[PDB]
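Single-structure report; data block below.
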Amino acid sequence: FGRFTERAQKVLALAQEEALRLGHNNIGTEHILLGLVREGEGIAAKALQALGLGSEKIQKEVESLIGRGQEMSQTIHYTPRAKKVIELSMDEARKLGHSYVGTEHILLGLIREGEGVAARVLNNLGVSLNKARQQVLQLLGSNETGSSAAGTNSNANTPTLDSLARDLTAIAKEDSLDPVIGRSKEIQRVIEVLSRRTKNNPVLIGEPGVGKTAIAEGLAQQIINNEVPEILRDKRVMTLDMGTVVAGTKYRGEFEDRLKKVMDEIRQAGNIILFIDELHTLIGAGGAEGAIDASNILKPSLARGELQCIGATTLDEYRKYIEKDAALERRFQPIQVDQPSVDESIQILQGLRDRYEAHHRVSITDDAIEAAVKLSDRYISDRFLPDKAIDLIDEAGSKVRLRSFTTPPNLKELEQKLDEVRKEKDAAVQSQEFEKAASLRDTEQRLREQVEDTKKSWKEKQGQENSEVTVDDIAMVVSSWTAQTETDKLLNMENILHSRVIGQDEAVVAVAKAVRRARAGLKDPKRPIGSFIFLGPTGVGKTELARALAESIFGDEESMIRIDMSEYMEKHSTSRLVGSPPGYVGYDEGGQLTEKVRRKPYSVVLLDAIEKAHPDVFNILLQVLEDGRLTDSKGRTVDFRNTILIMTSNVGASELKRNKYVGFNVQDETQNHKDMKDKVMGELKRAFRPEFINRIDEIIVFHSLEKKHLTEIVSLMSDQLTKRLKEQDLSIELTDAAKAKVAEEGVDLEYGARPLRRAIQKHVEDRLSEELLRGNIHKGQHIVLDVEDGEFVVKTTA
Amino acid sequence: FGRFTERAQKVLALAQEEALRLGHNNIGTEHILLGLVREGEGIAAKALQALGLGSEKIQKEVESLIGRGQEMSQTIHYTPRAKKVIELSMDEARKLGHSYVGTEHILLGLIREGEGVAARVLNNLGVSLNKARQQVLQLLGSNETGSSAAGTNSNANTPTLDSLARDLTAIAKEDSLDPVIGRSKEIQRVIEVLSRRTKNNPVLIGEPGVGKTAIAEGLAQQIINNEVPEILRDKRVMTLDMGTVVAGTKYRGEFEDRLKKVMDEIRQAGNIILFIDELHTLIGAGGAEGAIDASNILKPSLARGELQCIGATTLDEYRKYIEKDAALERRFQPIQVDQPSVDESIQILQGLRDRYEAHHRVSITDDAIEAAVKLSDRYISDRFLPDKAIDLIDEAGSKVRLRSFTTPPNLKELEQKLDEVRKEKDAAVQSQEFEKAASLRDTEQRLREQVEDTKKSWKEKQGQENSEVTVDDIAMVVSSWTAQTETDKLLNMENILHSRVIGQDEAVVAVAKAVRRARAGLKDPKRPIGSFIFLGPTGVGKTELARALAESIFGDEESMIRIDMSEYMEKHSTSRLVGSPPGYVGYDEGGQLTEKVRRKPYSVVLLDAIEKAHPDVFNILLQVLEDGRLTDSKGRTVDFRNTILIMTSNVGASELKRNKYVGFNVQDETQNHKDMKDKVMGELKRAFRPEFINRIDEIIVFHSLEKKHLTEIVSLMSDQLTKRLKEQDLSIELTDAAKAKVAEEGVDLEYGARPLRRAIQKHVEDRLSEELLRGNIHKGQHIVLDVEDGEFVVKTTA
Amino acid sequence: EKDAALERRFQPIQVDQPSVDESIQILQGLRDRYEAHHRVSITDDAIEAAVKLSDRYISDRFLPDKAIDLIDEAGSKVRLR
């Protein structure tokens, strides 16, 4: 990758100097050899001077193999030979430490990639290719820090510290360690609980989900220097890792044997600190099943403080070891973990943003980092409060770097030409068309040199991207999942929800704004994007809106769950009846509802007809509404702050089914509305709870549809009709006259907007198929469903 | 086979020349040798010139072995020896550079198949046969484009890239790759998501269902050239395959040991891209078991960006990463997948239609391809829109070539003779019958040459077929499962359904047309080929029509499921105070009904008496009606856009059992009709939901056997009786007089055409059997069941 | 259920076998070689009995299969007698 060591580049530019200076159109391998030795004292350069391969000796040879006299040096880039030598050396510097690649690797790599003119020059000047590669190597001693060897104290430490495993202290005494940003208060809290003569074992409980190891690198650093109490003298830190034990082992007995032995060597006791990662698995206690009961050996080991340990586990588990007893009540002992507060989150991000300038996009913007965090927290949301962010920073921190190469001035067009030539050209040479390929070749290669020239004009494509990562940038990426492509979603939300639900527009504008509030980060991060009860007679726009929300917010028409609450009867379990009675709160909690929302958390959850449930189901929904979490199956907290929870109802059925119709009213319509927003809202209270409605945010009342909401939905349906048949090459259109006649079936008090489907089906689909088979209408031919007598009448058009 | 290179054919034809030129009847192996060397610088030819064997040197030997003087050249095709040399060379050219087989293989193959006259020529001309085969062989070299290597590059990359596995880039630098056809939209979404840092991993969700790896060829291409952010350059691309790891191992432990090791070598980080197919199995998250929990190692591998990866996952699978954190919820990230749309689908087909020129029956017709696709979506009807298609294309892509083997020129008749001769001849040669075998032999061999001549007149079936798939043909194959064998089914559907149901002819034409509507295409491809409710006396023609549909559409009488919904009532019978509950809806939804209909994916589903079921059953049916899917058992979507859902009913029973009846007058029909078509259709709706009926296409009312439905159903049953006994040699007939008396049992308003079986049993089986046993009637003689007094009388007739 | 290199790769076809009378004929066809089982050939009617008697009663096998057990059984039973 980028930002390599000079020495490489330096030998190379001297090659280019020879390219024209000796007359080669190629900066060749002959020139690279000259390049190395004229760069003097690079390990490559230096090496050549030892074996007897001075610049003089080399150049004498060089001139005898090409030398002269292509001084003009047309298209001076390398030979393909040289391009291989460079690529190889780069890896030969990965190989022999020097991430940022320099001279040693280049001669070493040259020999490896020892071909063409270079190779022959030295084997002619009495130096074997390996005699040179040797020479570089024996002057090389690669690049490293923190290590040089001179010996340290040990004895009893020998058998123990070997086994098994990682040593956090080692990498921190080689000083390659990055803090990594604390996660600070835990670290103190371990050492009280650690250096100790009884109950010597810390147990870190908290977020997993913070990168436990951030605390750990914390610990490492402070356990060395220097305020730790002499309770434990000498002080060595050894990590015990389950993963190393299990690998290459197929039976349980062998793993235990190794643990037994390790535990014995752990006898460096009262001086040694043991890190037990995933501590619970070993304890094998609590619940109806353990996870492997190493605990039997481990328990006295922890208690003695021989295997005093720091446990990196989970919230509940430490208890489920003191539940085992009695070396967890005189061994284990808990302390409360820290993670980076939402603003702090942003700051951690920033700290390693500038080094994912290795992908060359960010390197900042701050506002964008902030955007990553803030925008994510309310919309997707599928992950914990800091994690989401950084992924997005980096996401846009690449996304937009694609938009550079697309929009320069669109100097993609250059390349576009170079292809078109090549193609033409090539195919012309395959037939020949010699000079008929030639001018194309020349046009091609014209293009080519220009291309490589404007590709290093596409350092502007770096200057575009390499620190931009903006608010909008991030937002767009967060939106890719889910500012930029969320605020066109926000600003036009009403319009967008209106474009899919034209069925009780009153309701649509309200829902639009409520979601847009939450999605603008204006609600608790511990509450859903929408709680609702949707009162209304059957599917007025209710169901349809759940769909439209998915469509507008989530970027797919359906990203929408949909469960009928009437199967969870509880208090209505003789008031409707069902095939399967035994389960109901168990069905929602125990698996069904919870698993579905777990699949895509960003899902508009539509719980139909919620009045056909006891108040107990509502408590869970209230807990969703409050906590922004649901507590369910497999001990999960599923964070509701993704979901738009929408609960429908026909609870005050009588008012709901009293319509709201433009044709007969507009003042009784807004008072059938008003009638439903109170008498429904009290049938709502008897079939819900006021407590429920109090954690539910807005009770949206739908009314059976007006004249006029219908005929617009039908004109979408008729268009949905027209679109799916055109793909297969058949044209139908219903005139406005025909879309109107179809709309009428969705009128009742009772209905709302599902019967529209029936009426498009009956008057369009069914009707057209009985006319295409008839020979009234045909393929491609535009088939007009018109009204010309108050009934459909089929006219034909082109 | 697979078509050959010139060089083969060229050496071969030179053989035929030496046949006549030296006088040989069948072009022997002596000519094949001459043929090879006379092709000059063929690899075969050339080889022999090395061996010292010129055309001359060979021929001097040749004339002394056969040579003279069958200049008549009787039946000049090869010797079977020579034909063997060709079969061998072909595969030995598959072996040695040539799919399309040439010269090299022919000498090489000759040596292998070194026999008779050929063999003796070279071993006489001082040349060992393998010295010759050597000679051909040593004139080989690389022919695999993008390969002929002699260069060297890179270093550190070595340990990692070995293991394990496939490398899409490699085959695309040897460019055998076929792009193919996008499935475009995933590919952009990867590079934002993959030039990142903190999280760096794309995860492609859904659509499996397109051949996911095709999208991968997309990825391959874009990660190389050229719009990519900085860490996505210096990248190397590895595909990870489960198959290579599992192969050669048994126990799970070995797979993990290798997997930990692999993730470690994956340390080429920020320069490596890993493709992880079937990502879920390794992650293992949630459920009762998500498969092998590699996740412990794998999650940090993904998170670190060492095993920066592209996840190929599915609908449900996403749950099992976002459920884990923060190294599967700091790894996962979703991206929007597409396939090549229904028109695009067609185009993929077309592209490899022409490439069944190893099948030579299609290459084209386009319209037929178009048909393949378009017809498939409704005609079975549960798979992706191009796969269905190719089965048709290819089926039909033999079917007309099958029509060859009878009439079109039918020079099959020649062959038909030639066989018959051989027999006569043969048996004559075995008996002797010398000259009596002779003339038969002559008749045979007459035939043979004529056959061989007309067998390359049966190049005409290639010139017939390798256009044309036949639209009609293709249609026929979709129908074979589900123009040609589908439009006779469509056009005459009422007639065909009428020929099996005479129980309500009114009903038949209606059902006919509705199935024919969908099956001719104009219905949403998310709805069954029919939804219906069938009201009527029960079994009127109702059950029988479901049968008749199976019969008409599929060519199998029965391909028809059949469940009684009244058993899953939950409408007047579920549970009591302290008595145990049932499971009824759980049984239909949860597995039983859905699994059964899944077996024949297209099937007339007959749900009897659904009005005795509660409104809840209808919602499930509603999913068929909406989705053309049913969502059931282990997360399957079973595409009910196939099926013909036919639901029977009677809940306005009284009116349907006071139904149309012409025997009680014509004006009793249309006022029993008018009465039943409203009070029934509202007891129907009251026993359904209007919403149910709103996505049910038609409510068909059946009327007990009016006067006029009966004796023809009876004359089919009574005739079915008479037909099943004839096969085993017993002739019975019921006269029209006896078929009339049988028909009388069901004239009942209450009954349908169900009681008819009993009256065939009573009046035919029972009546005859008590007479066959007493010898009033017998075996093979004709047994007339007639009426002669208003009661049956069995008369006997020859 | 798997698809679409398993559902639209696969494609079904209708199997057949000798009709009930045809059954009689299969039996008969290898009757003469049940003269390595010395009894059977003859009678037509006997094969026919095998098939026909079985089809409604025993009825424990499939429509041609039933037959041959009788044929061969009896194709020794009387041959023992």
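By convention here, the chains of the structure tokens are called A, B, ... in the order presented, each chain's residues are numbered starting at 1, and ligands are numbered starting at 1 in the order presented.
Matched residue by residue and fitted by least squares, the Cα atoms of chain A sit at an RMSD of 1.5 Å from chain B.
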Item to check | Contacts of residue 571 in chain A at 10 Å (only C-alpha atoms; same-chain gap of 2+ positions) as a list in words | outcome: residues 568, 569, 573, 574, 575, 611, 612, 613, 614, 615, 616 and 687 of chain A
Selection from above, N, CA and C atoms, as a short mmCIF file (atom, residue, chain, number, x, y, z; two decimals), in the first residue's frame, can you write it?
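Saved the output as again.cif:
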data_model
loop_
_atom_site.label_atom_id
_atom_site.label_comp_id
_atom_site.auth_asym_id
_atom_site.auth_seq_id
_atom_site.Cartn_x
_atom_site.Cartn_y
_atom_site.Cartn_z
N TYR A 568 -53.11 -14.19 19.58
CA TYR A 568 -52.78 -14.08 20.99
C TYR A 568 -54.01 -13.56 21.68
N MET A 569 -54.96 -14.48 21.93
CA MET A 569 -56.25 -14.17 22.46
C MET A 569 -56.26 -13.66 23.87
N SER A 573 -60.29 -15.28 24.68
CA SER A 573 -60.04 -16.68 24.36
C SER A 573 -61.31 -17.49 24.45
N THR A 574 -62.48 -16.82 24.36
CA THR A 574 -63.74 -17.47 24.14
C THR A 574 -64.60 -16.51 23.36
N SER A 575 -63.98 -15.45 22.81
CA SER A 575 -64.68 -14.32 22.25
C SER A 575 -64.40 -14.26 20.78
N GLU A 611 -56.96 -5.30 20.02
CA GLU A 611 -58.00 -5.40 21.02
C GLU A 611 -58.38 -6.80 21.39
N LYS A 612 -58.00 -7.80 20.55
CA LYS A 612 -58.31 -9.19 20.74
C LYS A 612 -57.18 -9.86 21.49
N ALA A 613 -56.78 -9.23 22.61
CA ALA A 613 -55.70 -9.66 23.45
C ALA A 613 -56.00 -9.06 24.78
N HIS A 614 -55.45 -9.68 25.84
CA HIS A 614 -55.55 -9.18 27.19
C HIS A 614 -54.63 -8.01 27.29
N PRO A 615 -54.83 -7.19 28.30
CA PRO A 615 -53.91 -6.15 28.66
C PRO A 615 -52.49 -6.61 28.90
N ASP A 616 -52.24 -7.93 29.11
CA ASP A 616 -50.92 -8.44 29.38
C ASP A 616 -49.96 -8.36 28.21
N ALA A 687 -59.87 -2.20 25.86
CA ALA A 687 -59.26 -3.33 25.21
C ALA A 687 -57.78 -3.19 25.27
#
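Any residue of chain C with an atom within 7 Å of chain B counts; using only C-alpha atoms, that gives residues 3, 4, 7, 8, 9, 11, 12 and 21 of chain C.
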Those same residues, written as a CSV table (one decimal), in the first residue's frame with C-alpha atoms?
chain,number,residue,atom,x,y,z
C,3,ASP,CA,-34.7,-25.2,-6.5
C,4,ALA,CA,-33.7,-24.1,-9.1
C,7,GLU,CA,-36.5,-28.0,-9.3
C,8,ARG,CA,-35.9,-26.4,-12.7
C,9,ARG,CA,-33.1,-28.9,-13.5
C,11,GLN,CA,-38.7,-32.0,-14.2
C,12,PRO,CA,-41.1,-34.9,-13.8
C,21,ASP,CA,-54.2,-58.1,-18.5
Next on the checklist: For the strand (DSSP E or B) assignment from backbone DSSP, which residues of range 606-682 of chain B qualify? Please present them as a list in words.
Outcome noted: residues 606, 607, 608, 630, 631, 632, 636, 637, 638, 644, 645, 646, 647 and 648 of chain B
Item to check | Shell of 10 Å around residue 423 in chain B, only C-alpha atoms, local chain residues under 3 positions omitted, as a list in words | outcome: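 The residues that qualify are residues 418, 419, 420, 426, 427, 428, 429, 437, 440, 441 and 444 of chain B.
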